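[1] An experimental structure, sequence included, is below.
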Amino acid sequence: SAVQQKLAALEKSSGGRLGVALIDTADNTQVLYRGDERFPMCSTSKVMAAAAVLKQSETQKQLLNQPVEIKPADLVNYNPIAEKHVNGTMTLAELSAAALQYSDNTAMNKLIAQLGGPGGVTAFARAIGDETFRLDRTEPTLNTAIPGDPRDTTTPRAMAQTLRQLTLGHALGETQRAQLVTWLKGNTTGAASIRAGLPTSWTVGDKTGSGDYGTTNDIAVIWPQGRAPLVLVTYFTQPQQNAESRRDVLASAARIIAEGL
Ligand SMILES: *C(=O)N1C[C@H](NOS(=O)(=O)O)CC[C@H]1C(N)=O
């Protein structure tokens, strides 16, 4: 298709590997480019972890309000919120918000620990019907993004379907789904990625990620003006380990997708 040829041309000009999955829930149509290839999720895996903790809160009514100790040794490579609360506490709701909206890696590690380790996030993924997602490590090593390494990867198709079930479907209870969507809509890191390729009037909730090998990711629920929502996953990774981020490529893929709508 024209969309397929253009995403292939974008990828070719990018010097890396691009994966895109669109679901149009007005009619459930799909656009896929490398939709079944694995990509390192990096920080976009945080969505799953927050959703898994949200799922826990459905049978632990007071869980999201429960204090967690932030200790000096807990800080990792990017802790814009957690570093403010060292030698203090954050609630799991606060940690979820920090992980999703500011991409705080200490907060992500607290979410992971609340689920019993990376395998608890993977187990939640399996429990909501996602067979492809795997989380294997904590922050920051889940971002190594090594080519051919299946750890901490998913496919665009699997992630699009999962994000749809989490934000628009019924993988979560109604309050938890609304809370997840509220968190995603208040993301602070997304304006250069999918959001930039979409018309300004469209509402986006998203989670960005980045890692080694110039890995540049975004996963978004999109509410276009006057139409049913879209789910759009754009993963991008590059051949050299120290490569620079390329959020403009995610914006370009989103712009190509918007024109095909
Ligand atoms: C997630 O990809 N990470 C956590 C934080 N956010 O990246 S984002 O700005 O693309 O969301 C810092 C970078 C990255 C990491 N390497 O930990």
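    Yep, that arrived. Numbers count the residues shown, from 1 in each chain.
[2] what residues does the protein put near the ligand?
    Taking Cβ under 6 Å from any ligand atom as the test, the list of the chain residues beside the ligand reads 42-43, 77-78, 103, 105, 140, 143, 189, 208-211. No exception for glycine: its C-beta is placed from N, CA and C like everyone else's.
[3] So which of those is the closest to the ligand?
    residue 43 (2.3 Å; Cβ to the nearest ligand atom).
[4] you'd agree the closest one is in a strand?
    No: note on residue 43: no strand contains this position according to DSSP: H, G, I helix; E, B strand; the rest coil, which reports helix.
[5] Leaving out sequence neighbours, find the closest residue to residue 105.
    Taking Cβ to Cβ, 6 or more residues apart in numbering, and ignoring the residues beside it in sequence, residue 105 has residue 139 as its nearest neighbour in space, at 3.7 Å.
[6] How about the contacts made by the residue positioned nearest the centre of the chain?
    Centrality entry for the chain: nearest residue to the mean C-alpha point is residue 44, 2.5 Å, by Cα atoms, centre = their mean. Taking Cβ atoms under 8 Å, 6 or more residues apart in numbering, we find residue 44 in contact with 159, 207, 208, 209, 217, 218, 219.
[7] how about residue 26, secondary structure?
    Classification of residue 26 using three-state DSSP returns coil.
[8] related to what we said a few turns ago, tell me the contacts of the residue nearest to residue 105?
    Taking Cβ under 8 Å, 6+ apart as the contact definition, residue 139 lies against 76, 77, 105, 106, 108, 109, 112.
[9] Filter the residues of the chain next to the ligand down to just the buried residues.
    Applying 16 or more other Cβ atoms under 10 Å to the residues of the chain next to the ligand, the neighbour count classes 42, 43, 78, 103, 105, 140, 143, 189, 208, 209, 210, 211 as buried.
[10] from the residues you listed, which ones fall inside helices?
    Among these, the subset assigned to helices under DSSP state H consists of residue 105.
[11] Next, format the buried ones among the residues of the chain next to the ligand as CSV and append distance to residue 173.
    Conversion of these to CSV gives the following (distance: Cβ to Cβ, whole Å):
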residue, distance to residue 173
42, 28
43, 25
78, 30
103, 25
105, 27
140, 31
143, 31
189, 27
208, 26
209, 26
210, 31
211, 32
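[12] got the phi/psi numbers for residue 68?
    Reported as degrees, to the nearest 10, the phi and psi values for residue 68 are phi -130, psi 130.
[13] wait, residue 180
    Its backbone dihedrals place residue 180 at phi -60, psi -40, with angles given as degrees, to the nearest 10.
[14] That one: neighbour count?
    Residue crowding around residue 180 was assessed by other Cβ atoms under 10 Å; the count is 24.
[15] quick one: it and residue 166 touch, right?
    Yes: taking Cβ atoms under 8 Å as the definition, residue 180 is a contact partner of residue 166 at 6.0 Å.
[16] Kindly confirm my reading that residue 222 forms part of a helix.
    No: judged by three-state DSSP, residue 222 forms no part of a helix; its state is strand.
[17] How many residues are close by it?
    Look at residue 222: counted by other Cβ under 10 Å, it has 26 neighbours.
[18] Quick one: residues contacting residue 11.
    Each residue near residue 11 by Cβ under 8 Å, 6+ apart is listed here: 17, 18, 33.
[19] And the strands in the stretch 151-261 of the chain?
    Along the stretch 151-261 of the chain, the stretches classed as strands by DSSP state E, counting those that start in this stretch are 153-154, 203-211, 215-223, 230-237.
[20] Roughly how far does the nearest residue to residue 220 once chain neighbours are set aside sit from residue 155?
    Distances taken as Cβ to Cβ, 6+ apart put residue 206 closest to residue 220, at 3.7 Å, once the chain neighbours are dropped. Residue 206 sits at a distance of 18 Å from residue 155 (criterion: Cβ to Cβ, to the nearest Å).
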